[PDB]
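Protein chains in written order, with my numbering: chain Y, 1 to 46; chain B, 101 to 148. Even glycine gets a Cβ: it sits at the ideal position worked out from N, Cα and C.
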Amino acid sequence: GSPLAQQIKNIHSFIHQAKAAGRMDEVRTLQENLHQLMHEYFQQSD
Amino acid sequence: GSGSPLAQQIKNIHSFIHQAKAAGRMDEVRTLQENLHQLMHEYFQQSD
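Right under this line is the structure:
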């Protein structure tokens, strides 16, 4: 439905894959992007 | 699981936010939106 919600779910899946391989730096950096996108999604949806 | 219980909870809170918006009740909207954001965060963390 929401394009940005899909982008968030996509990021979260890339974070999962990085966790599953033990890639800590990639998890950390992607998490920052997830947080920012989520707060854009709140701005859109508020 | 399916995520449906959490999704339903979020839909319910969103209906109360709409009701507060419809009355122009700003503080109620903003406080309920904080609760909505916290559950949305968990929804995203549980997504596949």
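By the criterion of at least three beta-carbon pairs nearer than 8 Å, the region 32-43 of chain Y is in contact with the region 136-146 of chain B. In this structure, Y:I11 is the residue among Y:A5, Y:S2, Y:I11 and Y:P3 with its C-alpha nearest to the C-alpha of Y:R28.
By a beta-carbon distance limit of 8 Å, Y:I8 does not contact Y:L30. Their separation comes to about 11 Å.
Going by DSSP, Y:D25 is part of the alpha helix (DSSP H) stretching over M24 to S45. Across the structure, B:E128 and Y:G22 are spaced so that their CA atoms are roughly 42 Å apart. Measuring C-alpha to C-alpha distances from Y:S13 to each of Y:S45, Y:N33 and Y:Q44 identifies Y:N33 as the nearest. By the CB criterion at 8 Å, B:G103 and B:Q146 fall inside the cutoff.
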